[PDB]
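Coordinates in review
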Amino acid sequence: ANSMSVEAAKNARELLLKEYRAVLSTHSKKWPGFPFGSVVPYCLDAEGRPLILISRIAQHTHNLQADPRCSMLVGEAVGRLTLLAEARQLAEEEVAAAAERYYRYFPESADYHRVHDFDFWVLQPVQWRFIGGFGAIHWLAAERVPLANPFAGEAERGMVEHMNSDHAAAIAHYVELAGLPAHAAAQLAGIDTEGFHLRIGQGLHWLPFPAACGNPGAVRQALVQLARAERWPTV
Amino acid sequence: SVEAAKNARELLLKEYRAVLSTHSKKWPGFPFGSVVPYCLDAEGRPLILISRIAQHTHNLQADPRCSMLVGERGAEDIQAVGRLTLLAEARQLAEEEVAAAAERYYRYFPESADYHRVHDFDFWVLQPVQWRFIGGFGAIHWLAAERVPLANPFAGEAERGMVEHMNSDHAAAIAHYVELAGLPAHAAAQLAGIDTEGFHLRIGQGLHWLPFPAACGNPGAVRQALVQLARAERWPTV
Ligand SMILES: [Cl-]
Ligand SMILES: [Cl-]
Ligand SMILES: [Cl-]
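An account of the accompanying structure is given in this report.

Calculation criteria
- Residues numbered from 1 in each chain as written, not as in the entry; some residues may be left out.
- Chains lettered and ligands numbered in written order.
- Heavy atoms only, no water.
- Helix = DSSP H or I, 4+ residues; strand = E, 2+ residues; numbered from the N terminus.
- Buried < 20%, exposed > 50% of the residue type's maximum accessible area, 1.4 Å probe, protein only.
- Contact = heavy atoms within 4.5 Å.
- Areas by Shrake-Rupley, 256 points an atom, 1.4 Å probe, with all protein chains shown as cover.
- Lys, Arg positive; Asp, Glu negative; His and termini not counted.
- Charge placed at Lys NZ, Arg CZ, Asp CG, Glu CD.
- Salt bridge = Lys/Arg side-chain N within 4 Å of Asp/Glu carboxyl O.
- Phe/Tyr/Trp six-rings, centres within 6.5 Å; stacked < 30°, edge-to-face > 60°.
- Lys NZ or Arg CZ within 6 Å of the ring centre and 35° of its normal.

Before going further, it helps to spend a moment on the overall build of chain B. The secondary structure content of chain B amounts to 6 helices and 11 strands. Summarising its shape, the C-alpha atoms of chain B cover approximately 55 × 45 × 30 Å along the three principal directions. A burial count over chain B gives 52% of its 238 residues as buried. Considering only contacts within chain B whose residues lie at least 6 apart along the sequence, 62% involve residues at least 24 apart. Accessible area for chain B stands at about 11000 Å²; split by element, carbon and sulfur atoms hold 52% of it. Between the centroid of the 22 positive side chains of chain B and the centroid of its 27 negative side chains there is a distance of 3 Å.

Residues and elements named next belong to chain A. Throughout the structure, instances matching the rule amount to 28 salt bridges over all chains. Put simply, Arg 21 and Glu 19 hold a salt bridge, and the shortest N to O gap is 3.0 Å. Relative accessible area serves as the criterion here: at 16%, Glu 19 is assigned to the buried category. A salt bridge links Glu 94 to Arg 88, with the nearest nitrogen and oxygen atoms 2.9 Å apart.

Across all of its chains, the model carries 19 aromatic pairs over all chains by this definition. For the pair A:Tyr102 and A:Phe106, a centre-to-centre distance of 4.7 Å together with 40° between the ring planes defines the contact as tilted. When the ring of A:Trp139 is compared with that of B:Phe32, the centres are 5.9 Å apart and the planes differ by 45°; the resulting orientation is tilted. Residue A:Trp139 is found in strand β8 (residues 137-141), and its partner B:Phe32 is found in strand β2 (residues 31-37); the two belong to separate chains. A relative accessible area of 6% places B:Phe32 in the buried class. What links up through ring pairs into an aromatic cluster is the set A:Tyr102, A:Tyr103, A:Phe106 and A:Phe120. B:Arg65 extends its terminal NZ or CZ atom over the ring of A:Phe34, reaching a point 6.0 Å from the ring centre. The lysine or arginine in question, B:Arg73, covers the ring of B:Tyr16, its NZ or CZ lying 4.3 Å from the ring centre.

Structural data, given as structure tokens:
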């Protein structure tokens, strides 16, 4: 379709899901003519696009205010993904839903958008470049990489809260099976059609379902299957 | 500020991979990041070795103004550590500068040896224009071009000799630095280089900076600091 490039797009998205830290490159406003590298944590919004919470006094915020064009570099050796994007600050109506998902990924950030001078921005894709550990270069159109999350919001929140409240034992099984860090017990942070995030201390990790899950019942089935598994199933 | 400049240089010394952002030629108006290894030159500036066919090389050729981002390694809360953004002008070294660059850089990155003109590669120095340092608590300091780098009076043949002799004669002192410090122990550490404030160990892929108790301006002062660390039961206060 071509098959390599469809594989590449999925691999790109998996890398995007598996990380929660990126290097943002922006045009320096304070120093015209210079690019500017900064670090940002992120999660994905309902449409599968990077969502950031950035401070009004941060260089990268001033830079995006003057010129929304930027790139994000995210790592897996080693596979690497570049996103070319136009950043947009979320309208007031968009903030509640951003905040709810972002604060689940980053609970120590809670209320920062209200009490401190932080705002949510979304990176709107213009192009992606995925390079595998073997060095195969795949340039991909804007819409090829993101995958919408039909759970984002209320369905997801109920799923995550029930898992953290009533199925901590199963969560321990996932960590064991995947060989994740065990300095603290894990909690679910979020769920998408392809997998789920666990937070472990500071500390985010993505795990794939054995197959895609389009509704909460399919998610239940995958999680039960994972909890009973003796090794991580593939595909 | 004085605190800030020192802490900035400390991070620069402690790291060996940075994110270089350049003006994109392929997609004008989008800055592109790439990961580059680096060490510091005799003047304390970043020295990189980049392929004639790499995109970031074509980018720097068309516009040498760039950013280099360094930050504490493996940080899970990435905004709870210091980060340093260097704004710089990249300059390809003249033929007269190449030998001293290769000799130091190849000590830091042995696996690269003679990639310059068996392979596609040339040495470039990042000439500082401005630094933006953010501390672990989130204080922002903008620093002048010359505020952060400190020259290394050992760079080249003095250093090469001190390092070669520590590695041949004092493997035992080196293993002890490793124990005292951190620090991976499967290999067998080698000294990579020495500066007035500290020294680098390679293990084995694998670079690590360790401070002297106080700056050492001459080779007699570095021997002293290295003897003290060898006999030290715990790492001393700086
Ligand atoms: Cl930063
Ligand atoms: Cl800043
Ligand atoms: Cl650009």
